[PDB]
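Down below is the structure, laid out as structure tokens.
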6 protein chains.
Amino acid sequence: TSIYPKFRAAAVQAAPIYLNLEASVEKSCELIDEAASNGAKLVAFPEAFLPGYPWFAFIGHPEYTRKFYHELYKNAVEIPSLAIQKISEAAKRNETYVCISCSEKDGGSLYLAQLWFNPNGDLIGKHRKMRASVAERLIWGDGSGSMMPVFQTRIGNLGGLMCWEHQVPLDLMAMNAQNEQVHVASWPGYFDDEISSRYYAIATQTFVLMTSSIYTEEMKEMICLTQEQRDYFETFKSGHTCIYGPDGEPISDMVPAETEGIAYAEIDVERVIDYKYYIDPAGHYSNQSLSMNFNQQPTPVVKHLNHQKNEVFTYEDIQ
Amino acid sequence: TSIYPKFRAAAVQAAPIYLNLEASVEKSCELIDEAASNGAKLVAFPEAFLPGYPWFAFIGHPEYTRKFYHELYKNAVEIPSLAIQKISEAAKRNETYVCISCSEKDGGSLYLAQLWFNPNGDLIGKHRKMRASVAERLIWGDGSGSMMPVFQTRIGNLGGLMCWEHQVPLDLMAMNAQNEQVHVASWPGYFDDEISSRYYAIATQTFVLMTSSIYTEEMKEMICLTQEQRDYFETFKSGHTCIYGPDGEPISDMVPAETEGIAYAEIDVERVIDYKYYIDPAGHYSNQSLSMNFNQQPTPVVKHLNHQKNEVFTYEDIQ
Amino acid sequence: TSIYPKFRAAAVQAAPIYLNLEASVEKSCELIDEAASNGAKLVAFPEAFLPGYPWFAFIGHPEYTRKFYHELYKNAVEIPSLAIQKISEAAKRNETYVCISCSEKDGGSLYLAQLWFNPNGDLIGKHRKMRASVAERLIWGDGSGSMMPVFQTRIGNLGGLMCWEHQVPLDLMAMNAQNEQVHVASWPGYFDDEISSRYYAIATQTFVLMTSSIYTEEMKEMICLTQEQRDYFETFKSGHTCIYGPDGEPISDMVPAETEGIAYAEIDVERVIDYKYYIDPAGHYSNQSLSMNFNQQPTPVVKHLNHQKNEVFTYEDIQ
Amino acid sequence: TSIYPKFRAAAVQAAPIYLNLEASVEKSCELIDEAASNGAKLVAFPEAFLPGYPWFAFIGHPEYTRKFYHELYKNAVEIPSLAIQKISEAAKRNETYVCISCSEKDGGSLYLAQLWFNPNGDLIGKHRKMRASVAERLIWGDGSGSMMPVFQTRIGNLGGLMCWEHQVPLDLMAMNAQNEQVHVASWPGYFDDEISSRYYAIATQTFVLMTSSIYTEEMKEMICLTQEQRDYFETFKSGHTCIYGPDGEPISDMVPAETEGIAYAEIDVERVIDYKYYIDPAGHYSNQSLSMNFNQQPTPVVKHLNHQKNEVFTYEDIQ
Amino acid sequence: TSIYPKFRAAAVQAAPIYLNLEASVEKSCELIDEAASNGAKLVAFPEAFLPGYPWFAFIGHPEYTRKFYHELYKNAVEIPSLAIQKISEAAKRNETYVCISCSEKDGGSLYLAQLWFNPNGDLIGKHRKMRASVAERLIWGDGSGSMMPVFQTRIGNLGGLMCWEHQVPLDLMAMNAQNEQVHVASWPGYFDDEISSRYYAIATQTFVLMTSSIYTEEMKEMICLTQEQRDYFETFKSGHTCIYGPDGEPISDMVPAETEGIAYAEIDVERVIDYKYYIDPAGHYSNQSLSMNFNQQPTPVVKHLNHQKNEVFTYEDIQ
Amino acid sequence: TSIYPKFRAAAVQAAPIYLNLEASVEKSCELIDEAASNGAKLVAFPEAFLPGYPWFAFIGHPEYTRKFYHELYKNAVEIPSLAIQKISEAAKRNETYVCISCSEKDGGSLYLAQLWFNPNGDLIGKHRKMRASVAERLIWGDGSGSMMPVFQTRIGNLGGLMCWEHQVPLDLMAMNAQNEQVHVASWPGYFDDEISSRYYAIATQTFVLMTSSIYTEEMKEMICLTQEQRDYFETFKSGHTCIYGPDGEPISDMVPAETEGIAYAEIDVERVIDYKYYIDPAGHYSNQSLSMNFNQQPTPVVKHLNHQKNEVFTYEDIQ
């Protein structure tokens with residue numbers, strides 16, 4: 001059954017404790033508590049909030065990036081791990097949906113992921129970024145079609161994309177093919193957020209939670225090792241955090257620039273219908289000459305068949 | 001292969017409960033019960049019967065139509081849904097074939113479909129209207145060649161078309177090339193339906209069940225806001241419900257104008273042979289200089305390849 | 001191949017002589033002359049400029065729309081016609097590439113097409129709007145994948161889309177696949193232009209000439225028969241005419257709203273390289289799990305194979 | 001159909017004229033002439049020889065890299081282009097097989113390709129690097145499994161991989177599956193070439209022509225703007241040009257470091273049999289538990305179906 | 001469907017021209033002509049007839065075996081190859097079924113195969129040895145379950161195994177599970193015991209054609225380099241050639257030992273019925289406790305998905 | 001959770017008491033004691049250390065090899081056995097991980113295995129060689145993918161491979177998919193080992209303990225029964241023992257050639273993070289067109305279901 005719920009949604013503008021997974025998880029737990037105590041049933045977090053965006057990749061050569069990549073790698077989120085437990089506990093305690101972006105570790109490599117938690121505390125799914133940006137390509141691997149999920153939840157069809165994924169038409173079509181209704185748009189802060197998120201709202205008929213992070217002083221201390229690097233990183237632009245309706249107009253007030261806050265709006269999923277009337281690129285508003293292939297088969301480099309665990313032959317069993 | 005059965009047909013003239021899916025489905029079940037108790041093996045319903053034809057799109061401007069499109073979209077039939085279960089149970093209980101028209105919600109779009117149920121109660125197929133007619137283009141998307149089925153059943157080769165689809169020669173040829181024998185011609189009740197249906201009977205050498213809807217006071221009160229709208233919608237002419245032989249001549253009584261009723265006829269599929277003798281455009285009555293391309297491949301905007309479920313991690317599993 | 005020229009472009013904000021083909025073509029010739037005299041080597045026009053956007057289709061029911069559709073149909077552009085000749089002659093005389101939008105008549109139907117002319121007056125190609133928006137569906141038919149050109153010219157790779165084609169990701173994908181560099185974004189003047197055109201500039205890494213028309217009093221006096229119609233049409237917001245760089249930022253002045261005027265800019269096609277560095281959805285910035293089927297086969301209803309003419313037996317021979 | 005010819009191969013150790021495609025192509029012609037005049041029937045070139053390896057990507061931050069990406073983009077090789085014409089003419093004139101590496105411009109994206117020419121002057125194939133290194137992901141997109149060719153030729157089964165592709169086991173197995181016999185290992189001259197090329201020779205039972213480039217002073221002047229950058233770049237270690245037999249031992253003379261020269265070796269393809277006797281990972285030396293999937297289908301973002309051409313209505317026809 | 005034909009079989013006792021593919025193929029064609037001209041409709045050849053059995057592998061250390069492996073490899077049978085063409089033409093021109101064993105080359109490694117030809121000259125299938133005997137493991141690789149064919153032909157169900165595959169119970173059960181009726185037991189000599197082939201006949205209820213080779217002096221001069229090797233090899237036993245019925249008793253005459261000749265027998269497939277009465281391990285003579293897994297999936301190391309052909313941009317096209 | 005521990009590893013260069021399992025196990029215990037007393041928390045051993053590598057298989061024909069295979073078979077390791085007991089006791093007494101290679105007897109067949117013991121003396125796992133080399137095929141059966149373990153321990157992720165498994169790319173991918181960090185490369189001493197182990201280090205981002213054996217007079221006088229055999233066996237080249245870091249550079253002194261000794265190094269598992277940064281073939285450094293199937297299902301020839309224990313009717317009960 002197609003439901004059309006109403007709910008309050010929270011978009012978070014915050015900075016993590018840079019490259020500190022433990023402190024960042026504590027901060028995000030506090031923020032989920034705050035938003036849910038303010039009535040939110042969905043909390044969205046900026047891009048790579050756990051443990052923080054690799055801003056070092058953009059202000060030095062890759063050898064300089066290696067040293068800080070080491071520390072980021074030591075603070076990536078594994079599944080299962082204590083960070084997942086903490087976010088799950090917060091989601092269950094607050095009875096809210098959570099979208100939290102993180103640096104995920106799978107084997108020997110890092111990926112950028114959005115982790116989704118439901119009010120039961122379940123990790124219902126994740127989305128790895130399809131393709132990394134100019135210097136993010138030094139840090140994170142690419143995603144796959146098997147991890148572009150839309151969840152048919154009790155507060156609408158929920159999905160999300162990260163940063164410049166909103167500027168990739170095929171990602172838009174992959175999300176619009178599954179009838180996404182409420183969208184989480186995670187941004188780091190340096191790249192332009194307004195045009196892309198508003199256009200996504202219009203072209204996918206989605207309420208868009210635009211969440212973006214801020215720059216703190218300790219990050220500048222940690223990664224700016226020279227004065228030239230300090231000034232160059234100072235020139236970086238600020239992001240915005242806001243919520244848009246399916247027409248692209250805002251329905252909440254932008255958080256003040258470079259401060260930490262939360263934006264709140266009343267999502268009324270019944271509004272998406274009025275704009276499905278106008279346009280539905282994956283439906284009526286289409287032409288037979290243009291189609292797309294969405295491959296959702298898992299594509300690990302090594303596919304395990306009949307995986308089995310090792311059984312130890314104990315010291316007592318030997319002697 | 002090549003069987004010529006005899007059976008009793010039922011063409012229904014009736015109106016639904018306007019933009020109320022549950023009430024309209026109850027009325028459809030009652031009508032199927034009445035038809036099958038009278039001895040029919042096939043029951044046909046007018047165009048867009050579930051939950052009703054969108055007449056609000058012909059007496060106002062598009063922004064006026066948007067408001068009522070909202071209610072219709074909230075009342076469209078989904079596959080699967082409760083409406084499908086009710087109609088399938090009616091078909092199985094009454095052991096009849098059923099062709100019922102409806103607004104079909106696939107994804108975030110609406111389509112106009114004819115649903116077919118066999119006496120076992122299965123949904124054997126659906127036909128989406130190929131091209132929405134004047135002012136229906138604001139409500140429904142276009143169909144595709146993959147959804148123009150002819151069913152080889154125990155009562156003949158059954159098929160259908162909706163309203164002005166009978167005036168598009170390529171649709172006639174698509175039906176003929178599949179060797180259609182018994183045709184359900186659904187009409188909404190406002191467009192001249194006699195000539196097109198009789199011509200279809202002659203040109204495709206099929207028995208034609210013509211079914212139409214009637215207007216009600218509930219519909220008028222709901223969709224008429226001004227008095228000029230009421231007067232303009234009061235001039236709309238009525239439809240007709242009648243059954244024709246493969247010569248285009250009626251084999252049952254036309255149902256009285258603007259009244260609920262059912263037309264019954266004795267269909268002799270063996271009779272179509274004597275008119276295939278005269279003419280068969282898809283067979284012996286062709287010329288090598290003219291030919292048709294019937295592309296029956298699916299035409300979805302997004303092709304889902306290797307659609308596979310992803311695992312979910314529960315709270316207890318994480319804890 | 002792979003040149004990067006510098007030239008002057010001109011987006012036009014003007015209204016036609018509503019539903020008047022001759023005066024509209026004369027106005028277009030004058031505007032081309034003016035823009036070319038001001039140094040412009042590319043001139044672009046609003047959507048459906050010749051002879052006018054069917055605003056009547058949005059402020060009344062289909063039967064009222066029919067009367068004005070009659071007069072629009074009588075003033076549609078044909079290829080070949082006198083209008084095509086005059087526009088080609090103006091383009092040749094002023095030695096400018098010209099993109100002009102119009103209602104195009106092909107046999108019995110009408111289509112919405114952008115017509116492209118080069119400095120030699122050659123009608124180098126046309127693009128038909130691939131899908132009508134809301135009430136344009138009562139007026140125009142659909143385009144084909146065979147009418148989505150990108151022209152390799154002396155001033156870069158040119159192309160264009162109309163109105164809500166910019167909100168269809170597959171159209172953006174098809175345009176980006178052809179390495180478009182300078183894009184004409186034609187808008188009618190009632191829908192929301194800024195977000196879409198700017199996002200297109202960013203996502204395709206192209207210069208965008210956003211052109212939009214204005215509302216004239218003669219149009220209102222023609223199509224606002226009653227007072228409710230006049231007041232309802234008076235609430236229609238106007239559009240904007242600007243030019244953007246590949247980063248989505250404006251490189252010219254906004255033409256004043258509801259005023260006739262032209263926006264000029266300097267187009268250095270080299271700037272696109274600095275943004276192909278960042279993102280290129282059809283190239284490096286892709287994921288192998290997603291892909292698009294761009295079908296460019298012509299799709300008329302009836303293919304005229306081995307077309308030939310008739311043997312006119314003149315009167316003199318017979319006697 | 002199995003042949004084991006004898007011939008003379010030539011590995012080139014040279015630098016291009018940095019970011020100057022014409023001069024680099026001319027130097028390539030000169031080097032092919034010199035190598036062929038000494039009886040060489042195969043000539044192999046360093047990685048990204050046309051127009052030069054993007055060293056700037058490793059000695060600055062991404063925005064500094066963008067400036068030189070502009071110049072590299074303006075100097076990439078298109079297929080067809082003048083550079084391909086001239087290299088084909090040289091390959092024909094000297095009746096030699098040429099493996100030359102370059103930056104390939106395919107639409108709006110750059111790729112790192114190896115181009116193969118035969119003694120007739122045909123462009124017999126093309127290999128795109130499957131993945132990019134720590135840096136250079138900023139510069140080049142990834143390749144596909146449909147561009148890993150092994151050519152059955154008059155001098156054996158030829159193939160190639162660039163730089164760290166020799167450290168990717170599945171690339172080795174993809175080449176081994178096709179019975180590659182003579183291999184070209186292109187290296188830029190900063191990564192450690194010797195171990196990887198020797199292991200490739202042993203594992204695939206092939207002769208390996210290892211070709212590295214050298215650093216010039218014009219390159220340092222071009223890309224080192226500050227003193228710190230110049231000092232950091234001057235620590236980059238050089239590569240080497242060797243030729244190895246199927247056992248991994250060198251069968252030629254190492255070219256002196258940082259010097260322009262060609263290494264010549266006598267290649268007897270029959271020697272591979274004595275090592276297929278020992279080990280054949282793709283054949284007899286395998287376990288059914290470990291297998292590989294090799295997808296050779298094209299993977300373009302947008303594939304064209306029924307591609308057509310846009311006819312033009314010349315000016316002399318319109319009038 | 002089930003037939004029990006009567007036909008004449010022929011088992012060949014001969015030796016090839018050692019490690020000489022052309023002469024060995026000519027001799028095999030002559031033997032086929034002789035056998036078919038004597039009325040034989042099935043002609044079986046010894047194990048590894050083409051170009052010869054690697055006896056050198058049994059009379060020296062692996063390095064000594066390497067030298068002759070070189071020659072055997074250069075004379076292995078490919079598919080397609082001239083040897084296949086000649087054997088297919090012989091089978092066609094004689095209208096006989098042919099089971100010839102050879103050293104098949106596939107990629108870079110060698111396999112021991114039986115090749116099957118029908119009276120029309122087709123290559124109906126092939127069987128690769130599942131495991132090489134002691135020193136054969138130096139020369140050949142393992143076969144797979146996908147290459148254990150039984151051919152349902154006009155002379156009954158046909159199959160074959162090679163020396164010591166008749167001593168592997170699972171191979172026997174694999175052949176019994178497919179209802180083999182006429183079997184070819186190919187032996188090279190010096191392993192051949194009558195016991196294995198007679199037991200196979202009894203256990204599978206098949207006729208068994210036992211074909212063995214002989215030793216020539218060319219072989220001894222070529223491989224026995226020293227006197228010690230000459231004596232040790234001269235110790236080697238001689239095989240036997242004859243035909244056995246479903247009870248294991250001979251139904252033909254022994255070919256004299258170490259001389260060239262052909263054994264003939266009349267094969268009446270009906271006789272197998274009288275022994276399926278007694279025992280049928282794969283059918284009634286079984287126990288549910290014991291079962292066999294027969295995996296017939298292909299098991300190559302590299303699976304080529306969507307294999308594509310190489311395209312060349314020819315020289316004239318470049319110019 | 002992931003850990004990056006620091007420890008000291010020991011690579012052993014030794015020879016066993018040839019074809020004497022009890023004396024060899026004594027020598028292993030002594031070497032474990034010596035190495036662990038020097039701080040080593042891991043001890044690695046040469047290939048086929050217990051009871052010795054079958055050198056006789058390379059200097060004679062298979063019948064000659066049969067006699068010494070008799071003794072090796074009589075001196076093979078079993079699980080459970082006294083040898084396993086002694087090695088577990090040494091590993092526990094010394095609180096060290098131990099990797100020891102041996103000839104494993106399982107049923108009636110011999111295998112080449114690596115046995116892993118933890119500081120508690122538990123036989124944590126076993127790895128059988130996937131494919132025997134040239135003459136080892138006479139001696140040992142093949143392995144399976146169920147026996148390719150990576151052990152998650154307190155001193156990193158441990159794994160091993162034997163001799164030419166390092167030249168099989170799918171073996172490397174199988175180890176890399178399991179995220180190996182410290183690797184034991186046991187070699188026999190006659191096959192080249194430096195290049196293969198260094199490449200494995202680089203291409204798996206692992207510390208590599210390359211252990212090799214030496215030759216003894218007792219071995220030579222036991223297997224070289226002829227002067228020619230002795231002269232041929234004396235030309236065999238010596239292996240080396242060393243420890244490499246994740247970059248392929250040595251991190252210890254090479255043990256002097258043809259002498260007994262142990263190599264020591266400090267292993268900082270955190271160093272692998274600096275090389276996952278720019279290569280990880282099983283993770284980010286991968287292409288979607290090349291994948292691997294890793295089947296870990298147990299593959300015994302006979303699968304025992306519901307294994308039992310036979311009842312015995314003791315003599316007293318019967319009487």
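Chain labels A, B, ... are given in the sequence in which chains occur in the structure tokens; within each chain residues are numbered consecutively from 1, and ligands are likewise numbered from 1 in the order shown.
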**Message:** With 8 Å as the limit and counting only C-alpha atoms, what residues in chain A lie close to chain B? Please list them as number ranges by chain.
**Reply:** A: 1, 80, 84-85, 88, 120-125, 146, 173-174, 177-179, 273-274, 276-277, 280, 282-288, 290-297
**Message:** Give me the residues near range 185-188 of chain B as a ChimeraX atom specification, where near means some atom within 8 Å (using only C-alpha atoms) and where sequence neighbours in that chain fewer than 5 positions away do not count.
**Reply:** /B:44-48,53,101,160-163,193,197,208-213,239
**Message:** Calculated over only C-alpha atoms, which of the candidates F:128, F:10, F:215, F:189 has the smallest distance to residue 259 in chain F?
**Reply:**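 Among F:128, F:10, F:215, F:189, it is F:215 that comes nearest to residue 259 in chain F.
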**Message:** Please identify the helix (DSSP H, G or I) residues within range 11-225 of chain D (assignment by DSSP from backbone atoms) and present them as a ChimeraX atom specification.
**Reply:** /D:21-37,55-58,62-74,82-93,163-167,169-177,194-204,217-223
**Message:** Which residues are close to residue 248 in chain B, i.e. within 10 Å by only C-alpha atoms, leaving aside same-chain residues fewer than 3 positions away? Reply as a PyMOL selection string.
**Reply:** chain B and resi 194-195+197-203+205-208+243-245+251
Could you write those residues out with C-alpha atoms, as a PDB file, in the first residue's frame?
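Result file follows (selection.pdb):
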```pdb
ATOM      1  CA  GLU B 194     -21.205   2.847 -31.771  1.00  0.00           C
ATOM      2  CA  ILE B 195     -19.468   3.421 -35.115  1.00  0.00           C
ATOM      3  CA  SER B 197     -17.077  -0.626 -32.174  1.00  0.00           C
ATOM      4  CA  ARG B 198     -19.149  -1.864 -35.117  1.00  0.00           C
ATOM      5  CA  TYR B 199     -16.290  -1.117 -37.510  1.00  0.00           C
ATOM      6  CA  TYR B 200     -13.962  -3.021 -35.196  1.00  0.00           C
ATOM      7  CA  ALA B 201     -16.355  -5.966 -35.270  1.00  0.00           C
ATOM      8  CA  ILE B 202     -16.314  -5.997 -39.069  1.00  0.00           C
ATOM      9  CA  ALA B 203     -12.609  -5.278 -39.582  1.00  0.00           C
ATOM     10  CA  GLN B 205     -14.013 -10.301 -37.416  1.00  0.00           C
ATOM     11  CA  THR B 206     -14.657 -10.405 -33.680  1.00  0.00           C
ATOM     12  CA  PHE B 207     -17.638 -10.326 -31.379  1.00  0.00           C
ATOM     13  CA  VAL B 208     -17.486  -6.923 -29.674  1.00  0.00           C
ATOM     14  CA  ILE B 243     -22.901  -6.590 -28.122  1.00  0.00           C
ATOM     15  CA  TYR B 244     -22.245  -7.111 -31.836  1.00  0.00           C
ATOM     16  CA  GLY B 245     -21.563 -10.111 -34.021  1.00  0.00           C
ATOM     17  CA  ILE B 251     -26.817  -9.582 -30.996  1.00  0.00           C
TER      18      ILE B 251
END
```
**Item:** CA of residue 249 in chain E to CA of residue 263 in chain E, distance in Å rounded to a single decimal
**Value:** 14.5 Å
